[PDB]
Each structure stands twice: as structure tokens, then as C-alpha cells.
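Chains as they are written, first to last, in the deposited numbering: chain g, 2 to 244; chain j, 2 to 244; chain b, 2 to 244; chain B, 2 to 244; chain C, 389 to 436; chain c, 437 to 484.
Here a beta-carbon is modelled for each residue, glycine too, at the ideal position from N, C-alpha and C.
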Amino acid sequence: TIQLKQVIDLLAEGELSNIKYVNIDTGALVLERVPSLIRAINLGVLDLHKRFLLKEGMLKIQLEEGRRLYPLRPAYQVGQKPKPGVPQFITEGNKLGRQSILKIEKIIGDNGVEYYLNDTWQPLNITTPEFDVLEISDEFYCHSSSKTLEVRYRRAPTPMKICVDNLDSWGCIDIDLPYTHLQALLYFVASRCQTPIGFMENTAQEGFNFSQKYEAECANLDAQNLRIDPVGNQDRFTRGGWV
Amino acid sequence: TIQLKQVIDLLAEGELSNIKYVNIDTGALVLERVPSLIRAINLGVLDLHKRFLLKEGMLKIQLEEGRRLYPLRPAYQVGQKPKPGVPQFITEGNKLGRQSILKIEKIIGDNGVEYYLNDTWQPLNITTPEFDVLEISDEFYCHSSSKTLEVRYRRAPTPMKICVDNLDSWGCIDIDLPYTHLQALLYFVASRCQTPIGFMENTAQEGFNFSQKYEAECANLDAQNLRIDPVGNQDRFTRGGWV
Amino acid sequence: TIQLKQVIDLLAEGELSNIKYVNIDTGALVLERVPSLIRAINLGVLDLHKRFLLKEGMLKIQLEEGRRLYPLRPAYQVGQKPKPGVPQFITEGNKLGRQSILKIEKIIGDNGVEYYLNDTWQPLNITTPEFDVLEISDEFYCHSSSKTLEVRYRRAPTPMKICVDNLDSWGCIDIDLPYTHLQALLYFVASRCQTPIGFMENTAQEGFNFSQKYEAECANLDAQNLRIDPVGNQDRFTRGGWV
Amino acid sequence: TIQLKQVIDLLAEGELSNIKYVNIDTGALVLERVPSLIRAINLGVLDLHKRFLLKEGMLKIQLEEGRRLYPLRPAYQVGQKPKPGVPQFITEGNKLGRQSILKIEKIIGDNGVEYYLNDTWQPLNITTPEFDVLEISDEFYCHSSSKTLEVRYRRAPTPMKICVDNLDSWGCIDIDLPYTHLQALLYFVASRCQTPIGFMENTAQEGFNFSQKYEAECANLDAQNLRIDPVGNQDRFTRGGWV
Amino acid sequence: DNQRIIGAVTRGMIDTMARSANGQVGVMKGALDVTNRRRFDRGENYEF
Amino acid sequence: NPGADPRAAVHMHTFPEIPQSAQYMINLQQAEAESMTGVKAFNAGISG
Numbered sequence: 002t003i004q005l006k007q008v009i010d011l012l013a014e015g016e017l018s019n020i021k022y023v024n025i026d027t028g029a030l031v032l033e034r035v036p037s038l039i040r041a042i043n044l045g046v047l048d049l050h051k052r053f054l055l056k057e058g059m060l061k062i063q064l065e066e067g068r069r070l071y072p073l074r075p076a077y078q079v080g081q082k083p084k085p086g087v088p089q090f091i092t093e094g095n096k097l098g099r100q101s102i103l104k105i106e107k108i109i110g111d112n113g114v115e116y117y118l119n120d121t122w123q124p125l126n127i128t129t130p131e132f133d134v135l136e137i138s139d140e141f142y143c144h145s146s147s148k149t150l151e152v153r154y155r156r157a158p159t160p161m162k163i164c165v166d167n168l169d170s171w172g173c174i175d176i177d178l179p180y181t182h183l184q185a186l187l188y189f190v191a192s193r194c195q196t197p198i199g200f201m202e203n204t205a206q207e208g209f210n211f212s213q214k215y216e217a218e219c220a221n222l223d224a225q226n227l228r229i230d231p232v233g234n235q236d237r238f239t240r241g242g243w244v
Numbered sequence: 002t003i004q005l006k007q008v009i010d011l012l013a014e015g016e017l018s019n020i021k022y023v024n025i026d027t028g029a030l031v032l033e034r035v036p037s038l039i040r041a042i043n044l045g046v047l048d049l050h051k052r053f054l055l056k057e058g059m060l061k062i063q064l065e066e067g068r069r070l071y072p073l074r075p076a077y078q079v080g081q082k083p084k085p086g087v088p089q090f091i092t093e094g095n096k097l098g099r100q101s102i103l104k105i106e107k108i109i110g111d112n113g114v115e116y117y118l119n120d121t122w123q124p125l126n127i128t129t130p131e132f133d134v135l136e137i138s139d140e141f142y143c144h145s146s147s148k149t150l151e152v153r154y155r156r157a158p159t160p161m162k163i164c165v166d167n168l169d170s171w172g173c174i175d176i177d178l179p180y181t182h183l184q185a186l187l188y189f190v191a192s193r194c195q196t197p198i199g200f201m202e203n204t205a206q207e208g209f210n211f212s213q214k215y216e217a218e219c220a221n222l223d224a225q226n227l228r229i230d231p232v233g234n235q236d237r238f239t240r241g242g243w244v
Numbered sequence: 002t003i004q005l006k007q008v009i010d011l012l013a014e015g016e017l018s019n020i021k022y023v024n025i026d027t028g029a030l031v032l033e034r035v036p037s038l039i040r041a042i043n044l045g046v047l048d049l050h051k052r053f054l055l056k057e058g059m060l061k062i063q064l065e066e067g068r069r070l071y072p073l074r075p076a077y078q079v080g081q082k083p084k085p086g087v088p089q090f091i092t093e094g095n096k097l098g099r100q101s102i103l104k105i106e107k108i109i110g111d112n113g114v115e116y117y118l119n120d121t122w123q124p125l126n127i128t129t130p131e132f133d134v135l136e137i138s139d140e141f142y143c144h145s146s147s148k149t150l151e152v153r154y155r156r157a158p159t160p161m162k163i164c165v166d167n168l169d170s171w172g173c174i175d176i177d178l179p180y181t182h183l184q185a186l187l188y189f190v191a192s193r194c195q196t197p198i199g200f201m202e203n204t205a206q207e208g209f210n211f212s213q214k215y216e217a218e219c220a221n222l223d224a225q226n227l228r229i230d231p232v233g234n235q236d237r238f239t240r241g242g243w244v
Numbered sequence: 002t003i004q005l006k007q008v009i010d011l012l013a014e015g016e017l018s019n020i021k022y023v024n025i026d027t028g029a030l031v032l033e034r035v036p037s038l039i040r041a042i043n044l045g046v047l048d049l050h051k052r053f054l055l056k057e058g059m060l061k062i063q064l065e066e067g068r069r070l071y072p073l074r075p076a077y078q079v080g081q082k083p084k085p086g087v088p089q090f091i092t093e094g095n096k097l098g099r100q101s102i103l104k105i106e107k108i109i110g111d112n113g114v115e116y117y118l119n120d121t122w123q124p125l126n127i128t129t130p131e132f133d134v135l136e137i138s139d140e141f142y143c144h145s146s147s148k149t150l151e152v153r154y155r156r157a158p159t160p161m162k163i164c165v166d167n168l169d170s171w172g173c174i175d176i177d178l179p180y181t182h183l184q185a186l187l188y189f190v191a192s193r194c195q196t197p198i199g200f201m202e203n204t205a206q207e208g209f210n211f212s213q214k215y216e217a218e219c220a221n222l223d224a225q226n227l228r229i230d231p232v233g234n235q236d237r238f239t240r241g242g243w244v
Numbered sequence: 389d390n391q392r393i394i395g396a397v398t399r400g401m402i403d404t405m406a407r408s409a410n411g412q413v414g415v416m417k418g419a420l421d422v423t424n425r426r427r428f429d430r431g432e433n434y435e436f
Numbered sequence: 437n438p439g440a441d442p443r444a445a446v447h448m449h450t451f452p453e454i455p456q457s458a459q460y461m462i463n464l465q466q467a468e469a470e471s472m473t474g475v476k477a478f479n480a481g482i483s484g
């Protein structure tokens, strides 16, 4: 799911050719605003991961009786930096970053049971008070019979860190996307960069046009169904009674 | 499914004749922006392969008990570069490239059975967590009775590598397309190249017009049904009971 | 189904009279951009063959047990160039060119049976993985009883090769079309050539107008029904039971 | 169904009076672009014969057992040039030209039977693979009992050959049309000639106006029903049973 | 005459019922993608 | 989500509708056979 940054910039030359970002007026060649370009591309990737799933992750929490709040932050995760004031209870899973948890989706115990999320008055309900924290009531401990939990959630990739010495290559950086959403990302970036420039009648609408094309492309990807989509088929026949 | 690049460029002369890409103002003859042209044409081909099937591929995975994630990447495929840290378990199929897997569609075992893909709660379900990885649960191993798998997926061709010495000919390169989608590809490329040029009333709309014509042509190809289209006819009469 | 190129160019003089292609400003006589004109006309002919059938072809494949993929390319066809690495198994039919197979339609065995094409789960299904290749499963060999196949497909003519010495006559070349689609081809070529020229209000719309007239003419030909159109009348009464 | 070319040109003076084709600015008299005028008029006549029947022809093919393809071309027709490689089997009918067969309509055997054309799975079906060729299957020979065939088809006249010495008179040439479609042909030719001239607001629309009038006139002729129109009245009462 | 007429009418009704297209199912193009088409054919839930 | 009421957004396929002609045709054929043979067989329904 990777692409060389080199190809991205070479192609974005073909749509940013009007403006400062990439071209000297004479002998059009890429400038050194590459930091700003990368900062825009990362935002584009995050937006695409918002619009389509494209990824999902997994954790494994080791419970502790009498605990009320379990935050999911990269200081509690094994292999991260062990801040002394916190016990590292997240013992397994994808490495956690600043933007990794877009939404928690499933909670599965060690017994194979499936608990309920934000479904009030359900038997064993788990509540998220702050979108990245699990609030576990005492009734859960009363009737839990589970020593660990498994969490699944919608992911977004962690962008690679650029550096002033890394300005040498900038071509070994790898964006994390399939190629389809690359074609869409081009329009996103072009719109964002071209918006605040131009004072002529037809040159004042390029940002708007690129936004329109971006939306159209997103709709086309949805229609072609080039993203993950689970579809549920329960049993309903093994409860005992529907047969 | 091949075309010489020579014919492509000669024809695209007839629609890029207005601009820098192909013409000296005097004695219009192709310039040496051929690298940029090729980089655009490859994107066009990828887009067309997104819109219509036109291809499909096959692999063959040799299972290994106790494994959880099987990534499909060109380091695990036989005949590729054997990275030491990975065991090469993809033993047969089309040569894998960076953009080859657009979507996995079918999984067939050695016994002729057909497993389920992303159909939750189905008997033996196979989940794709990251669009290029197969997650295989332990219950699959418990009731598998299959030592290998066969995978089918929607393909996109691997573009040929241009080289600075190859700038001599550039006419032996072969696009991988049927001729119909060639006629469409012309409009795609013309729109992309003509978008960011022009400041007169009628010359500021050529990109938009070419986009419209590109969409119309895609619709016409869909209507004429010049792409692959399986249609299912199950039996329903051999299960025992419907007769 | 032939027309002298001479007549075509003489008529296209009457609609390309505005521009460089055919006229000196003084004493309007045809120039020597005839190569480019031919390259456009061939594309027009291909497009018309896409829109209407106008032709169909035939092959004859001699089977070989244990084979999986049969490509239909002009290196395997009898009378073509016998590439040593390939066995020439296409033993009969129209001479194959680069653009000859627009779509495979029927497959008839030596016994008069009619197999199924891309109809999944049908008894003896034949799959096209790459639009010019037949994939034959082993069950076909298990129950085939047929030593050869006959294939029918939608054709497009092979354009005649122009040559620098042939620039003498250029009038012995024969386009392969009925005269009706000639009247349509005129508009096609005129639109394509006139698109990228002109900066006045009424002279900037000639390409668009010619495109509109081209579409109208295609619709009129469809209405008049001047193309091949099979219509099916099954028996349904000889299966035994419907009488 | 004939008209002197003289009258045609004298009338077309009244609608081409604006432009070069027919007038010196002083003392308006016909120029010598008569060749181009004739080449346009022939195309007009062909278009009218496309739109309305106005004609029909007949052949007579003498069968030959074991033959698969019978092309209908002017080299196989009696009285034409006997190319040695071909046997002249078309023994009777209207003299064949380059554009004579617009569509084959009826096939009648020597016994009075009426065979089927492009009606698949019908008892004795005859297929046209290339719009001017009859493909006759072997089952036809198995159950034919007919030694000859009679073919009917929609015709278009063969234009008379103009010559550089014939530039003397040009008035003995005879167009082949009823006078009604003459009134229509005037508008057709006027539109075609007037299209590519003029840069003023009201003078840039004459071609479009003439096209509109041409369509209106064709509709009026259809309404008045001044063309041939067979209407079928089967028996249905002699099969034995419907009485 | 009565026998002939009855035979003719019965044959007509048979022809009408037999030359029909009973049993076939048609789907609008572009309503289902490839994966959803396969699910629909397989016989499980789908999306349109 | 708004703009998609469930009564149109979801759909649960069921058996199609048999037209009113097959029943008539079967009844006609059975009656003709009974008339031809001459034994009613107390059939085409409850044996009683």
C-alpha cells in the first residue's frame, strides 16, 4: 500500500505547473518548498482514510480489577516509552501513534464473547467517555470471567518524519495508500494549493473546479467499491428455537 | 492487448497540437518531454483498469499452521528477490508488482470448495485487515483440510521501465490495452495536459470539454459491453431437496 | 466494402477547405500531410467498427490436452511468422492482425455443441482472463469429446501499410467500409481535425458542431438498420416435453 | 427517374448565388468548379437513397455444392470483367457496381420457398458475415433441393463518369431521382457548400438553417408517403387448421 | 370446423406460454459492482 | 442517514408471483384427460 514520494511529486508537477510551488518561470524545476508539500500530502492521506476504511487495527488490554478508566495512548503501550507514573497494560498490537484511533468498533473477550459498545441498558455495556478511553463499570468485574480484551478500530497511518538532513533524498519517503486513492489525492492537493491565488475571471475558479472533481472521484470510488466492506450474516438458527 | 507507443504519440499529436508538449511553433515536431508524457499515460492506463476489469490474475499460497497474517507482496513471491527475513510462500502465479492487486475476489481451496470473504459469522470466513493481507483465524486450521489456496484478483498491468539510454527508441515500449480503451485514453491524456493553460474565453474550457468527452466515451463503452462480465447461474437443484 | 482513398480525400476537401490540411491559400490544392490524414482515417474506421458490427470472423483451434491458456495472437496462427518458442495451433481462419479481436462471441465444438462463455457455474464454462486468451479448465478435458474448436468474434479490418515510396499514388489504397458509414466518417474526421483551431466566436464551435452532426448521423443509421443484426428463434419444442 | 444536370445547376444558381461556386462578382455566370459540384451531388443522391427506398434490385446465384462463402462483387457477375481466379456464378440481374448493395432483404429459391436471413436457429438460416457475402452452411446442402437462388436488395444508382473531354457539355449527364427528392437535394447541397464560409452574425448560420430545412423537407416527404412501402397480408388460413 | 378451431386456439395458447422468457432473471447494468454481484449470485446478503 | 427511509433502503426478497394462467392451463389439461378416459378418479383435489 506504498508509493514513492518521487512519483507523487513528478505527477503533481503536471497540475501545479501554473504556480510557485514547483516551477521556476524559466526551466521549470521543483523548488524547495517540499516541506510544505509533504505537510499538505499528509493531511490529504488522513482525509482519505476518514472517507474510506482502507485499514483496521488490533490491541490487547490486560485487565486490572477495580480500575475505572483505561485510556488508549502511546504511553501505556508495550514497546513505547515507559512513563513511570503509568503501568504499561497494552501488551500487544499495532504501534500506537498520535492519530491512529479513528473509532473503536469491536470488543472481544478471551472467551469469544462480544461485548456491547455505547448501547445503554445492555447487559455488559462499555462506555467511551472521551473517544479514546474505555470506562468499565463494576458490574463488568462482577460478571466478567475474562482476564483480557481485544479491541479493533479504524486506523490511519503514521506519517514518516522528514528531517533537514533528509532533505537530500526526500524520494525514499513512502506514502501509505493504494494507487486509486492516489488518483484522488492528486485532486485534493491541487485544490488546496491552488485556492488562494489568482485574480482573473477564469483563473479565480481553479480551486473550486478541483474541489468538484475531487468529490466526483470520491463518488466514483464508492460506486466501484474499491474499499473494505464487511456484510453481516448472522446464524439465528443456533439459539435454540428457530428451527 | 498491446500497442506501440509510436502510434500513441503520433495520434496524440493531433490533439496536443496547440501546446508546448509536442510542437515547435515552426515545423511542428515532437519535443523531448516524452518522459512526462509516459508518466501521464501510465496513470491513464491505471484509471481505465480501475473503471473496467479487462484482466484478472491468480496466485497459489502454501499454508503454514499457526500463521495469522499472510501479506501478498512481491518479496514473498517465488522468483522474486528472496528477502532473508521472509519465507517465500507464494509459489505460483502472475509476477507481482507494486500495483497488481486492485481487489481480491475469489478464494478456492485444493478440494474445490469456495471460502467466504469478509462475510462475518459465515462458517469459514477470511478477513482482509489491510486490503493486501489475509487474516486467517485458528478455527480455519481446526477445520480446514486444505494444504493450499488459490486466489483471484483484479489486475492492473505493470508499466515498462523507461531509461535514459532508452530515450533512443521509446517506440518499442508497449502499452497494455485494447484499442477501444485507446480511443478513450486519448481524451483522458488530452484533458489532463490541457487543463492548466490558456486565458481566453474559449481557450479556458478545453480541459473541461475533454473531461466531458472522456466521460461520454466511458459510458458508450459500458453500453456496448466491451469488457468482461461474468453472470452467475447457480444449480440449486443438487443440494438435495429442490426437485 | 471498399472505397478508393482518392474519392475520400476529394470529398474531405469540401469540409476541410477552411484550414491548412488541404489548401494553399492561393489555388487551393491538397498538401502533403496525407500521412496524418491517413492516420486519422484509420482511427475513424476503427471507431465505426466499434459502434456497429459490420463484420465477423472465424478461427479453428486444435486442442492439446493438459493446456490451460490459449492466447489468440498472430504468432500462433498458421501462415504467420512461426516463432520457435510457440506451437502454431490456430490452423484456419481470417489472417490475424494487431486489432482484429474486438470480442469473442460464440464457441462451437466439432460435434455441433455450443459451449458457454463467462457464464459461471454452467456445466462446461470457458473463461477469458485477459480478453484475448481462453482459459480451459481440466473438467473440460475430462468431459470434452471434442478435438477442435471454432471461434467467432467481432472484427475490425487491418489498415493497409503506407510507405514513403507509396507517396507517389496514395490513391490505390482502399478503405474498408460501406458507403453509408463513409458519409458518417466524413463528419468524424472533420470534427477531429477542426477541433484545435480558431479564436473567433463562430469559428470556435465548428468542432463541437461536427461532433453533434456525427452523433445524429450514427443515430440515423441505427434507426434505418443498415447493420447486421441476428435475432434468435429457439426451438424449445424438441427437448422432449414441450408438446 | 432522371433529370438533366443542366436544370439542376441552373436552379442551384438561385441558392449558391452568394458564394464562389457559381458566380463572378460581375456578370454572375457559372464557373468551372463543376467537377466539385458533381462530386457533391452524387453524395447527396446516395444519402437520399439511404433515407428512402426508391429502388430495389435482383440477382440470380447458381449454387455449387461444397461452397461456403458467396461474395456479391462485380467480378463474379456475368457480363463484367472475368477475373481468372474467380468463377462467374452471378448469371442474371442488374449490373453490379461499387455501391449497389445497401442491404439484402429477401432470398427466394427456385421452388418458391422463402429462406430465413440472420434468424438464428431457424430451420434453414443464411448468414451474412460481411454485409456483402452469403455464408451457406452444409445443412443447407443436405436439405436444399434448390439449384439456384434469387436475391433482392436495396439499391443505389451508379453515378455517371465525368471526363475532362466531357467538360464540353456536362449537360447530358442524368441524375437518377424523382423530382420530389430533387427539391430536397437542393437543400442538401446548399447546406454542404455553404457551411464553411462567413464571419458575420447572420451569415454564419446559413449552413445550419439549410440543414434544418433539409430535415423538415425529409419529414414532409415521409408524411406525404412518396416512396415505396410494402405492407404484408399473410394468409394464415391455408396452413390447415385455422378454419 | 369446431375441431379445427379448438386445435388452433390451444396451439396458440401453448405457443404464448412456451416461447416466453419464464425462468430467466435480468439485472440492470451498473446497479451492482463485481463483489456485490458475486454475493448476490452466491445467495447471501449484499449491497446495491 | 437522512434521506434514505428504511422501507426503501432495505429490501428482503421473496418468492415471485405466479400468474393466473398456469393454474387455468393445468385445470384445462386435467379436465380434458378426465373427459377422454371417462374416470373421474376423485382427484385434482382432495381424494374425498
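Our contact map puts g:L178 next to g:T27 with C-beta atoms below 8 Å; I'd like the distance itself, whole angstroms only. Not confirmed; about 34 Å, so no contact.
Relative to chain j, which residues along the stretch 26-39 of chain g have a C-beta separation below 7 Å, given in chain order? none
Suppose you measure from the CA of B:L70 to the CA of b:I176; what does that come to, to the nearest Å? 22 Å
Report yes or no: do the stretch 107-125 of chain j and the stretch 11-25 of chain j share at least 3 C-beta pairs separated by less than 8 Å? no
What is the residue span of the beta strand (DSSP E) that j:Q4 lies within? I3 to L5
Rounded C-beta distance between B:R156 and B:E57? I'm assuming under 8 Å. 6 Å
Euclidean distance between Cα positions of g:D48 and j:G199: 31 Å
Can you look up j:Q78 in the DSSP assignment and give me helix, strand or coil? strand
Sub-7 Å separation of B:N43 and B:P160 beta-carbons: yes
How do the stretch 134-149 of chain g and the stretch 30-41 of chain g stand: do at least 3 beta-carbon pairs fall below 8 Å, yes or no? no
Using the three-state DSSP reduction, which class does j:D26 fall into: helix, strand or coil? coil
Taking C-beta pairs closer than 7 Å, name the residues in chain j that b:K104 reaches, listed in chain order. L227
Specify the secondary structure class of b:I42 as computed by DSSP and reduced to three states. helix
Interface positions of the stretch 105-123 of chain b facing chain j (Cβ-Cβ less than 8 Å), listed along the chain: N119, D120, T121, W122 and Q123
Against C:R407, what residues of chain b qualify as contacts under a CB-to-CB distance less than 9 Å, listed in chain order? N234, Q235 and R237
Assuming b:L187 and b:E16 are in contact, meaning their beta carbons sit under 8 Å apart, how far apart are those beta carbons, in whole angstroms? 7 Å
How about j:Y142: is its C-beta nearer than 7 Å to some C-beta of chain A? Of the chains in the structure shown, none is chain A; the protein chains are g, j, b, B, C and c.
Comparing the C-beta of C:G400 with each C-beta of chain B, is any distance below 7 Å? no
Is the beta carbon of b:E106 closer than 7 Å to that of b:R153? yes
Which residues does DSSP pair with b:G110 in a beta bridge? b:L150
Per DSSP, what kind of secondary structure is B:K214 in: helix, strand or coil? helix
Under 8 Å by Cβ, that's how I've got B:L73 and B:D133 pegged, so tell me the actual separation to the nearest angstrom. 5 Å
For b:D223, name the three-state secondary structure that DSSP assigns. helix
So, using beta-carbon positions, are b:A224 and b:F211 closer together than 7 Å? no
Could you give the DSSP three-state label for C:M405: helix, strand or coil? helix
Contacts that j:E57 makes with chain b (C-beta to C-beta distance below 8 Å): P130 and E131
Within chain C, partners of B:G242 - CB distance below 8 Å: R392, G395, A396 and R399
Determine the chain C residues that contact c:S457 at a beta-carbon separation under 8 Å, and present them in chain order. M405
b:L103 and b:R228 closer than 7 Å at C-beta: no
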